[PDB]
Amino acid sequence: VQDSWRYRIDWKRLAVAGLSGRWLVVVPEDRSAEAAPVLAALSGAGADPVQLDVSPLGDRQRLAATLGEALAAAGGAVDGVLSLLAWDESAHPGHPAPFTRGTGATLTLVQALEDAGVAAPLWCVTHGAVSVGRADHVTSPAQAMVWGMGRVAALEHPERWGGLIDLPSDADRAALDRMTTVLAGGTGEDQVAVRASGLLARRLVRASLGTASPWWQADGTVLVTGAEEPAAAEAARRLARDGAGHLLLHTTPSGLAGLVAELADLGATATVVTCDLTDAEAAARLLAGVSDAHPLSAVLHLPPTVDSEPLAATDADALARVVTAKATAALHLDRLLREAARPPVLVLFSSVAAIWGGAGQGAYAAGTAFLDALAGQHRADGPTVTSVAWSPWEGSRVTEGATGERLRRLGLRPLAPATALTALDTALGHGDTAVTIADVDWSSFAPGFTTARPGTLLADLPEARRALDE
C-alpha cells in the first residue's frame, strides 16, 4: 500500500555479557591530550595500544607510510585499528561546514589502510553522533557523516571493516570500558551506541501506524526548494491541491512560468526565487523576503541529486563537495530559522543511502546522514525538523534501468510520486521526526544486502530476517 513503506531506526538494548595484541589508535595530531584515557582503557582491557598521531590535512600516501611503518614495527600484523579521527570537528580550508577535517581524514584512513596492507578490522569511534531515543540528543551531526560513509565502507571492504561505535556526547571511563567489550568482537554487532545504560545496537524496524495534526497553515507560505525538479514540482502541486494559499518556490541556479500559472489554477499564489542556498547570505535573503502577512509555515527542502563513486576511487575534496550539495543549505536553513525564534516545520529529504548504505553511495550517505542527524538534535524553540529518508522515486535518474534494473532486482520498487507524497503527509501529520519511506521486497533485498557482508541491521524486521540465516 504505503503504510507498509514506513520504517525507522531503533536501538536495541544488549544483554550484559577480552582484548589482546597490538591496537593502532589513530588520533588527529593537535588532539593528543584526549586519547590518553582511550589507550588506558584499551591497555586496561588487555590490548597493547599504539598511538599514531596524524595531520588530518595530510595526504593518503603520508598516512599509508605511517601505517606501513607501524605495521612493520608490529612484525607485519596488528589486531585492530581504532580511529578517533571523527573527533576533529575543525573546518577544512577548501570547504564550507558541515564537512570537517575529521570527515576527510576518516575517508583517507579507509583508503590508506589498504595501501599499507593492514588487514586488521577498522573501528571508527564517534561521540554525540546518534540518538538512541527520547532523551538522548545528537550533539554532533557532523560525526553522523562518518556513520553514513562507514556503513558503505562495510559493504565495500567487508573483510577489513570492524564497525562504528558512538560514545556519549561527553563520554567517561565506564563508557570507554564498554567500548572495549565491543572491540573484542563478542557482541556480534557492528553499529553500537555506548550509553550510561549499557550497549545498544542499531536496527531497522517497521514503523507502522489515527490522530493527525496540521503541519502547514493555509495563510502561511510554504517554501519548496529545488523546484526545477519533478519531485519538488509535485510536492508544490500537492500543497496547492490540499489547500495551501501561498508558495515560495526556490530553484537552483542554472520550474518557472508554466508551473506558477498552474498552481494559481490549483489555488495558490506562488512566486519563484533563484539563489545558491549553500551561501548563508542568500538563504537569509530568501527567508527575509517572505511576507509578514503570510509568515513562513513550512519548508520542504529537496537538495540536488549528486553522483556517487566507490570509496577507494574518490578523495576528500570530492566527498566534501557531495556533503556540501546535500547538507550545507540545510545547515543554514536550520541555523537561520533557529535564530529567528509558531515554529515553522523544516522537512529534509534524505535517502535510504544514509539508513542502510549501498555500494557506491559513500559520499551520498555521508551528506544525507547529516540531515537525519539534524532531526535528532534538541531544539528549544524550533524549527521542528523532520528528516524523511526515501528510496528512489519513479522517473528519477537511478531508476534508469541500468542501475535501475539493479535496484529493482535488489527488490527496491520506485515510488509513485502521488503515493510517496501521501506517505510524506501521513508522517508529518503524525508528528514523525525521522522516518524511512521505502517500497522494499525484503525477500530480495535482505539476501542481496548481506551477500558480501554479514550484519544484524535487519535482524528485527520479520520479512527480512526470515530471508536470512545465522
Side-chain angles (χ1 to χ4, degrees), residues 2 5-6 215-216 221-242 244 247-256 258-260 262-263 266 268 270 272-274 277-278 286 298-308 322 325-330 333 345-355 358 361 364-365 367-368 370-372 374-375 385-401 403-404 407-408 412-429 432 434-440:
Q2 80 257 192
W5 300 353
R6 301 169 46 79
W215 55 274
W216 54 260
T221 299
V222 171
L223 168 67
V224 181
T225 78
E228 76 283 4
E229 302 297 326
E234 290 300 325
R237 300 183 167 104
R238 175 66 70 91
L239 285 160
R241 286 189 183 105
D242 282 349
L247 288 170
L248 173 57
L249 302 183
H250 155 285
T251 69
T252 320
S254 87
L256 336 139
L259 208 217
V260 174
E262 187 196 349
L263 296 164
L266 290 172
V272 174
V273 173
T274 309
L277 285 183
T278 66
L286 166 69
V299 175
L300 304 187
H301 186 227
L302 293 80
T305 216
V306 306
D307 27 274
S308 54
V322 164
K326 287 316 257 190
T328 293
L333 288 162
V345 139
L346 173 65
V347 183
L348 313 182
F349 277 42
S350 170
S351 158
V352 298
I355 296 303
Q361 284 146 122
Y364 184 26
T368 243
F370 179 85
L371 311 181
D372 298 316
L374 284 180
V385 176
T386 292
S387 181
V388 181
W390 297 103
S391 65
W393 288 35
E394 283 182 347
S396 79
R397 216 158 309 149
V398 278
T399 60
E400 72 185 274
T403 53
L407 277 249
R408 284 189 287 280
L412 290 177
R413 192 193 289 263
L415 275 20
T419 308
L421 288 162
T422 299
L424 177 61
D425 180 68
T426 298
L428 294 173
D432 284 339
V435 62
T436 295
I437 299 185
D439 183 351
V440 193

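The chain is numbered in sequence order, starting from 1. Scope of the values below: all heavy atoms of this structure, side chains included, with no hydrogens, waters or symmetry mates.
- Salt-bridge formation is not detected for the pair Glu400/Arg397: no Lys NZ or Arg NE/NH1/NH2 atom is positioned less than 4.0 Å from an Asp or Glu carboxylate oxygen.
- Interatomic distance, CH2 of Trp5 versus OG1 of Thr436, reported as 13.5 Å (0.5 Å rounding).
- Between the side chains of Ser387 and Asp372, at least one donor N or O sits under 3.5 Å from an acceptor N or O.
- Between the side chain of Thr386 and the backbone N or O of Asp432 there is at least one donor-acceptor pair closer than 3.5 Å.
- With a 4.5 Å cut-off on side-chain heavy atoms, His250 and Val273 do not count as touching.
- Counting heavy atoms from C-beta on, the side chains of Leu259 and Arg237 come closer than 4.5 Å.
- Judged purely by distance below 3.5 Å, without hydrogens or angles, the side chains of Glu228 and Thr252 pair a donor atom with an acceptor atom.
- Shortest non-hydrogen contact noted between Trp215 and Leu300 is CZ3-CD2, 4.0 Å.
- Ion pairing between a basic and an acidic side chain is recognised when a charged N comes within 4.0 Å of a carboxylate O; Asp425 and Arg238 show no such pairing.
- Summarising the geometry, atom CG belonging to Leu371 is positioned 8.0 Å from atom NE2 belonging to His301; distances are rounded to the nearest 0.5 Å.
- Side chains of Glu229 and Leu302 form no contact here, defined as non-hydrogen atoms less than 4.5 Å apart.
- Taking the side chain as every heavy atom from C-beta outward, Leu428 and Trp216 never approach each other to under 4.5 Å.
- Taking all atoms of both residues into account, the shortest heavy-atom contact from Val435 to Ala427 is CG1-CB, 3.9 Å.
- When all heavy atoms of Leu421 and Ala235 are compared, the closest pair comes out as CD1-N, 3.6 Å.
- For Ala232 against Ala227, the heavy-atom pair with the smallest separation is CB-CA, 3.7 Å.
- Side-chain contact between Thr419 and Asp439 is absent, with no heavy atoms from C-beta onward closer than 4.5 Å.
- Between atom OG1 of residue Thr399 and atom CG of residue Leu412 there is a gap of 11.5 Å, rounded to the nearest 0.5 Å.
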- Item | side chain to side chain contact (heavy atoms under 4.5 Å, CB included) between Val352 and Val440, intermediate numbers included | CA-CA 11 Å; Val352 298; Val440 193; over 6 Å; no

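- In this structure, CG in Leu266 is found 5.0 Å from CZ in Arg241, a value given to the nearest 0.5 Å.
- A 4.5 Å side-chain heavy-atom check between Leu286 and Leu223 finds at least one atom pair inside the cut-off.
- No donor-acceptor distance shorter than 3.5 angstrom exists from the side chain of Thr274 to the backbone of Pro253, with no hydrogens or angles considered.
- Looking at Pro414 and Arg408, their side chains come closer than 4.5 Å, going by heavy atoms from C-beta outward.
- Minimum interatomic distance between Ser391 and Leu415 (heavy atoms only, all atoms of both residues): OG-CD1, 3.4 Å.
- Of all heavy-atom pairs between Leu249 and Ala236, the closest is CD2-CB, 3.9 Å.
- For CG of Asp242, the number of neighbouring non-hydrogen atoms (other residues, nucleotides, ligands) closer than 6.0 Å is greater than 12.
- A 4.5 Å side-chain heavy-atom check between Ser396 and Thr305 finds every atom pair outside the cut-off.
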